[PDB]
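# here's a sequence, model it:
(3 chains, ligands or ions: 1)
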Amino acid sequence: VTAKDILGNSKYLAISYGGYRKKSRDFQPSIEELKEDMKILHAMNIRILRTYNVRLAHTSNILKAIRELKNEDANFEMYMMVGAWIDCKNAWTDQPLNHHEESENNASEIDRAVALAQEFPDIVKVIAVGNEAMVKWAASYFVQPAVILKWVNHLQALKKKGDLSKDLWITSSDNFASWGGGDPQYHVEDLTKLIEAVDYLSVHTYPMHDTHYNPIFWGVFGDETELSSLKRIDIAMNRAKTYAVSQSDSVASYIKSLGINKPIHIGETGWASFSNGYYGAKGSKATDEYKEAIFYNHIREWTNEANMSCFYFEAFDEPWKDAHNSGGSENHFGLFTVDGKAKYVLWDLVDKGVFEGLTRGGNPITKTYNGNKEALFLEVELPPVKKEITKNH
Amino acid sequence: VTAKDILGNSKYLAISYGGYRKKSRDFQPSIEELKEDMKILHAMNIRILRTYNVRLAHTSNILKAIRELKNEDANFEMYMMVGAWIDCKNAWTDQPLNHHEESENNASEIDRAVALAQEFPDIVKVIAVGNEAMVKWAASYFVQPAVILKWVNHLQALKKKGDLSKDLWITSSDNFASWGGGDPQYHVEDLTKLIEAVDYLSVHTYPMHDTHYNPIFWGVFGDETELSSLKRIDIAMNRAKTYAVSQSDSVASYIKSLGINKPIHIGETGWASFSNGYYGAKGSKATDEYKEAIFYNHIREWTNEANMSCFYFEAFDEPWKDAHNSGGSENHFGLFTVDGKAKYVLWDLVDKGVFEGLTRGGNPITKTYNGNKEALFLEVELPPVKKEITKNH
Amino acid sequence: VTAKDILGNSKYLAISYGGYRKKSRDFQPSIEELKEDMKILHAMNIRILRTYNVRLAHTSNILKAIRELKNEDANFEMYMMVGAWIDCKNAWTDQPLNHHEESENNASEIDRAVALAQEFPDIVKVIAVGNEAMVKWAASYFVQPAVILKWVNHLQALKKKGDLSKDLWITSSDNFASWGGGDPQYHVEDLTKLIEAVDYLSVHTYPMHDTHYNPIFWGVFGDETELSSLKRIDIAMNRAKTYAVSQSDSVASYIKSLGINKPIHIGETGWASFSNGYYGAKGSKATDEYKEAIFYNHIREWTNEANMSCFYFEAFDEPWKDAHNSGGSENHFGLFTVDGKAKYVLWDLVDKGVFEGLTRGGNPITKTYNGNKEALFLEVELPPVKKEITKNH
Ligand SMILES: [Ca+2]
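Numbers count the residues shown, from 1 in each chain, chains lettered A, B, ... in the order given. See below for the structure:
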């Protein structure tokens, strides 16, 4: 029934979701198309999904779709974490950006989020104020924590005064460093107040990206060369998992140091199945369906043992994200392909019949590579070999 | 019994052999060590082997080893193609090379070859005058065809006079181009006389090397990108086989144009299982145990259907060949590892029990990768993708 | 009008032609589509075209199209050089190539070429036996000159016997080196006989390609750096023209040395307007519409002053030639784009109204870049700067 009951409870697995099927978000998916996705995710035991803005129709249409499916079937159950997108002044225009001022359009985006939580209170269990909106590298739109605090407080006040349910949880979904787990430049009074104001912290961590941008944890190191190729991948991927755990834990340590006790949940993490830039064959050798599956399963095990939700990125490949370059890793974060093929990670579920009778865009849910593990393994590369310096410890 | 009976007869499979186990040929293998190898090869249906010089003790010791095994077991059968190494003047010294004069040491090398054919006429069926000794790129030692002709004619004269068996076959083992199948620069009078003088032509062809030095045949081309990874390798490797066939056939065409009918046999070809230079991960993606197996089997099928012997390169990895770089492809041409592990190509024979009871240096004959095909496939890379131009044919 | 009247006569400008509009030749253009092209070329003063094979329907359909247009308009005039494609044994199969034997399919290709010259003797003025079929780098299909000679002689015998007009000219269209103007490896008896058997020599020369493969002529050298950009391009492009002239003249010198007098015509040369490989921004800086125009005009001036035809490559961009890579230079040799836009070279003619009322695939003949020379010039790069050594002459 409530966010407190759902989050951290492995009977309600979370996922990040977008239902766009073409190279532009101008092509909005229809309610019928979104219902296809909902049925597929529901069959997999996904019970809560996450969304990014309320400016385009997409989020509103997902709620309509879920409502229709709940009317068709009284046992159908899907919940939503609704994202209200937050911008700095002049974001997405040709005018000079100001990261110390807010977009005049944040107010109406918060208003539209509120309206949706009110029309669909049986589905909407969380509002997230911003998506990576405080991280200092989000050059196109980032804001100061004072702006997120402002809107989180606005939402907490609407709950106090009775315009929103007292059980509706408010958060902001952001990088670990924005929540205080990294550079101490972020450790400002406004962040402390924000950590007080939210009901929980939605934290993002991305080892896959750091296989390029901070690669110290990524490789085959020393004696590992003498191990089996299978074992080398297992060990390397385990380091990737532990790296994420460290970043999450760093946020927990920060909040403990402020004398604040709040739940932490993973709002975003993922590992793409293909890259023609930094993360694939021409760079760090991270991206393929096998390593994606390993990462997904490690993240599930960790989060279910720690009682954290993980809104894993992402349900379906979304080819609008790097529109002019289809091989870009942004287009390959799905557990399924755009056409509804199940990647290695979900082959086991296809075999058990979990998606029987279900369709995406006319296609049945088929295994990628025709379920041929050997054909996948030929395409998989090993992580790069590195040498380790021994410290005199 | 005779070379004419053995060559081109698939009941007598050929191989190129060296028994050195260390990074220098100064460490001669013992007779006991060589017997280990002979037993292994014999178990595999190898019945004739090839050797490169008679200067070091190695070839003489192999003959001693085979003799001991034939005394122990009346059904043991192994034959030898003995290589007499030919040099140009000042080869392997610090004096100026002269490729139009011969080394003074050739004479005694030919004498030693003759002495061995005489002491072991039941084993030695062929003498080869030179190994790639005419090919113009063998900068360290190459000679003109007049010098090979000279020694071939010397050996044919010893046969005529009765000092050697009339059934002993004489050849020279050389690159396809040296035998007239390539640049017409080679098409000189002395080569025509050499082709007349030999009993047969021992021809080398190396697609693996040409994956770097002449790569037009090597890759995944056009529409092939849409095929399965398994199929892509099969197609690419088939082009490699066909390339070798074309080079061998080019020699057959050249001798036919001279009005000469001689048998042709493959004296050398091979595909290494590892390379840290041009042929592996840092270059053409040719070298691994899977592609080696594909090449070996294709060469066996082709040669057995064409009634050619193939002295396939090579039985065992020999780590002295690129002594200062163990990852060099020269050290990885074996069907077995230096420690006696059977590479992918022979896994099937290990499972049938062909090598049971047999040992190399104390080790039983084990499968590489623990016989785990998946582990191998992770290490295998695909050939590079290439541009296909369509001609208006 | 006879081949003798047409070739070398600037009242009958020549061009290489294909009418394919899609990325595969499986999509044959219709007779209606081909008529569109013929009208466009005719408006430009093109009076003879060249074709590459008579296996696919394309060449036959061009003849049908020209015939229809001659029936519609008694002043319409278009002639054809018909290419009979010649292959070596196993070309375009997965079997081993043999460049010393011929394809079993050559005979019927020659038969189909003779049938077309017979059904359309008012249009077909030349048969060309082969297209680059002797050049030793055409690895996929090349043949020995004996094979071309065989079929040229066959055709000359059909003319003698009266099955073909005595005024029909026979040739082979090939690289300057194949005709004896380069490596003397080509200087064999069968070539001399071929030079005697043909009515003329159709010679190909490609400076554009040599800006990568033999770049000694290509660049901005020494003092030229101080010159205007406009002038640096003019000087460099003049060297490209003179390079082609030298290659053509080298063929003329070779036939003179044999005491043979035959006309020489340029069967193929061209300069692509775009390249994403060796010839554009990522390599030699050759390819753009400005340098193409300069080359085209230089080749026209040279050929018209020397009384040579130039079957310039090519009328329209043909995107099937490098099907899997649309930025490949093979797809950009047109004077027009696939959509019927006139590249820089023909802007002047669009302005004079030469193509008024004419259409390709529904589109009028428009200028590329909207006829904005400045917009073109921004995209054009200068040739690379090179080291000039002064000799002591
Ligand atoms: Ca030469």
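
# what helix or strand is residue A:80 on?
Using DSSP states H and E, the element containing residue A:80 is strand A:79-84.

# swap that for residue A:108, sorry
Assigned by DSSP H and E, residue A:108 belongs to helix A:106-119.

# residue contacts, the closest residue in space to residue A:197 that isn't next to it in sequence?
Once flanking residues are discounted, residue A:197 sits nearest to residue A:152: 4.7 Å by CB to CB, 6 or more residues apart in numbering or on different chains. C-beta here means a position set from N, CA and C on the backbone, and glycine is covered the same way. Taking CB atoms under 8 Å, 6 or more residues apart in numbering or on different chains as the contact definition, residue A:152 lies against A:129, A:170-172, A:194, A:197-198.

# could you point out which element follows whichever strand or helix holds residue A:152?
Assigned by DSSP H and E, residue A:152 falls within helix A:145-160. Next along the chain after helix A:145-160, taking DSSP H and E as the criterion, comes strand A:169-175.

# CA atoms of that following strand as CSV?
Provided in CSV are the C-alpha atoms of strand A:169-175 (Å, rounded to 0.1, in the frame of the first residue of the first chain):
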residue,chain,number,x,y,z
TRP,A,169,7.5,9.9,0.3
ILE,A,170,9.6,12.8,-1.1
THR,A,171,13.2,12.5,-2.3
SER,A,172,15.7,13.7,-4.8
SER,A,173,17.5,11.2,-7.1
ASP,A,174,21.1,12.1,-7.5
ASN,A,175,24.7,11.0,-7.8
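
# partners of that strand, with directions?
Applying DSSP bridges to the sheet, strand A:169-175 is found paired with strand A:124-131 (parallel), strand A:201-204 (parallel).

# got a markdown table for these, with distance to residue B:119 and mean neighbour count too?
Converted to a markdown table, the strands paired with strand A:169-175 look like this (distance: least, CB to CB, whole Å; neighbours: other CB atoms under 10 Å in any protein chain shown):
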| stretch | distance to residue B:119 | mean neighbour count |
| --- | --- | --- |
| strand A:124-131 | 86 | 27 |
| strand A:201-204 | 79 | 27 |
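
# residues in contact with the residue nearest to residue A:238 when sequence neighbours are not counted?
Among residues not flanking residue A:238 along the chain, residue A:298 sits closest, at 7.1 Å (CB to CB, 6+ apart). Residues counted as contacts of residue A:298 (CB under 8 Å, 6+ apart) are A:237-238, A:240-241.

# just the buried subset of those, please.
Buried by 16 or more other CB atoms under 10 Å in any protein chain shown: A:237, A:240-241, out of the contacts of residue A:298.

# between those residues, which is closest to residue C:27?
residue A:237 (46.4 Å; CB to CB).

# ok, the closest residue in space to that closest one that isn't next to it in sequence - how many residues close by?
What sits nearest to residue A:237 in space, not counting adjacent residues and going by CB to CB, 6+ apart, is residue A:294, at 4.4 Å. By the criterion of other CB atoms under 10 Å in any protein chain shown, residue A:294 has 20 neighbours.

# isn't residue A:294 right up against residue A:232?
No. Using CB atoms under 8 Å, residue A:294 is not in contact with residue A:232, being 11.9 Å away.

# could you look up the SS state of the residue of the stretch 151-300 of chain A found nearest chain C?
Relative to chain C, the nearest point of the stretch 151-300 of chain A is residue A:276 (14.5 Å; CB to the nearest CB). Secondary structure assignment for residue A:276 (DSSP: H, G, I helix; E, B strand; the rest coil): coil.

# so it is in contact with residue A:283, correct?
No. The criterion here is CB under 8 Å, and residue A:276 misses it with residue A:283 at 9.3 Å.

# once you drop chain neighbours, what's closest to the residue in the stretch 1-150 of chain A positioned nearest to chain B?
For the stretch 1-150 of chain A and chain B, the shortest gap (CB to the nearest CB) falls at residue A:23, measuring 20.5 Å. The spatially closest residue to residue A:23, leaving aside those adjacent along the chain, is residue A:323, at 4.7 Å (CB to CB, 6+ apart).

# ok, now which ones touch residue A:339?
Residue A:339 touches A:360-361, A:363, counting by CB under 8 Å, 6+ apart.

# which of these tops the neighbour count?
Neighbour max across the contacts of residue A:339 (other CB under 10 Å) = residue A:360, 22 neighbours.

# tally of neighbours for the residue nearest to it when sequence neighbours are not counted?
Nearest residue to residue A:360, sequence neighbours excluded (CB to CB, 6+ apart): residue A:340, at 3.1 Å. By the measure other CB under 10 Å, the count of residues near residue A:340 is 23.
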